[PDB]
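Single-letter residue listing:
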Amino acid sequence: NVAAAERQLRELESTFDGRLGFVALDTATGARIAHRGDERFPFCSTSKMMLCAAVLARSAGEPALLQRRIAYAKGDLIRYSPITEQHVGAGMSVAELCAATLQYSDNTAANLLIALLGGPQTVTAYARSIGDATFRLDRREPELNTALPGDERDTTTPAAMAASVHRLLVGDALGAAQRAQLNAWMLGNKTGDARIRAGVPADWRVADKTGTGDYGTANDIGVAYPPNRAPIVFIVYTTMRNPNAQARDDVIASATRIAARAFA
Ligand SMILES: *[B@@]1([O])OC2=C(C([O])=O)[C]=[C][C]=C2[C][C]1[N]C(=O)[C][C]1[C][C][C]([N][C][C][N])[C][C]1
């Protein structure tokens, strides 16, 4: 019951002093549950999905690109870089940097990949090329996570991100090999156990990318793969009014459960 689910999302939002942006889409029927679907939210590290999709797209035209070694420096290292800091001095391949940024939310890896592509504007241009007129990447890590009230930098809408996740992981925005690699990376994410993954039935597989930012911002985007039915896209953006808010996992899990029940 889409209308019942949307009411429950409104009730969930009433429990905290912030905003919930949500879209769930059953890709077979197009059944769609949304809350604040056309409002902008700070996407934080969920942008790393669009970044790596852009890298994969480049690799379709440069066969050796994913195996190229990037010999980055200690001076490139910034906070929340659990893979790149361990391997500095040996370097990492482009594929390994994508895996790190997607599965561990590695910030240095994202900056290296942004630089490889030519800057944050190339990620925005990639989004436009797949039909997303809304996503905008304005800054690099870590400043893209400031999540300031009313700031449109480094934002998208839940609706635009739902369409982009659909086209990238389920549809044909990427070639088959690139779609499979993006899925494989996101299926292996390590940072989302308490978010979308905590709100779905035990037999659903999940490909997701989380984000956490200032103003208690807590996001998760991805696709659930139930057995014997089509994939379901889940987009969850949350951001709080208190600059001193502590980011939570439980609102995302609760919003996910609402939609999972509706799509039972
Ligand atoms: B990013 O948004 O992804 C990310 C997550 C995530 O995937 O949920 C968790 C932890 C770090 C990161 C890196 C990216 N975010 C930031 O760099 C901003 C940073 C995240 C940690 C917060 N810590 C507050 C005090 N416990 C503050 C902002």
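The chain appears in the PDB entry as Beta-lactamase from Burkholderia pseudomallei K96243. The title field of the PDB entry reads "Crystal Structure of PenI beta-Lactamase from Burkholderia pseudomallei Complex with Taniborbactam". As recorded by UniProt, the Catalytic activity (unreviewed entry) comment attached to the chain reads in full: "a beta-lactam + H2O = a substituted beta-amino acid". Of the comments in the UniProt record for the chain, the one headed Sequence similarities (unreviewed entry) reads "Belongs to the class-A beta-lactamase family."

One number sums up the size of the largest pocket: a volume of about 470 Å³. As for the largest pocket, its lining consists of 18 residues, of which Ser 45, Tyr 80, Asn 107, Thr 212 and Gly 213 are closest to the centre. The biggest single contributor to the lining of the largest pocket is strand β7 (residues 205-213), with five residues. Within the lining of the largest pocket, the residues separate by chemical class into three nonpolar, 10 polar and five charged. Taken as a whole, the second largest pocket spans an internal volume of roughly 190 Å³. Of all elements in the fold, only β3 (41-42) and β9 (232-240) reach the threshold of two or more residues within the lining of the second largest pocket. Split into classes, the residues belonging to the lining of the second largest pocket amount to seven nonpolar, three polar and five charged.

Calculation notes
Residues numbered from 1 in each chain as written, not as in the entry; some residues may be left out. Heavy atoms only, no water. UniProt positions renumbered as here; feature names shortened; annotations may be inferred. 1 Å grid on protein atoms, 1.4 Å probe; cavity = no way out; pocket = protein on both sides within 12 Å on 5 of 7 lines; lining within 4 Å. Points joined across faces, edges and corners; volume = space filled by probe spheres on them. Helix = DSSP H or I, 4+ residues; strand = E, 2+ residues; numbered from the N terminus. Nonpolar A, V, L, I, M, F, W, Y, C, P; charged D, E, K, R; others polar.

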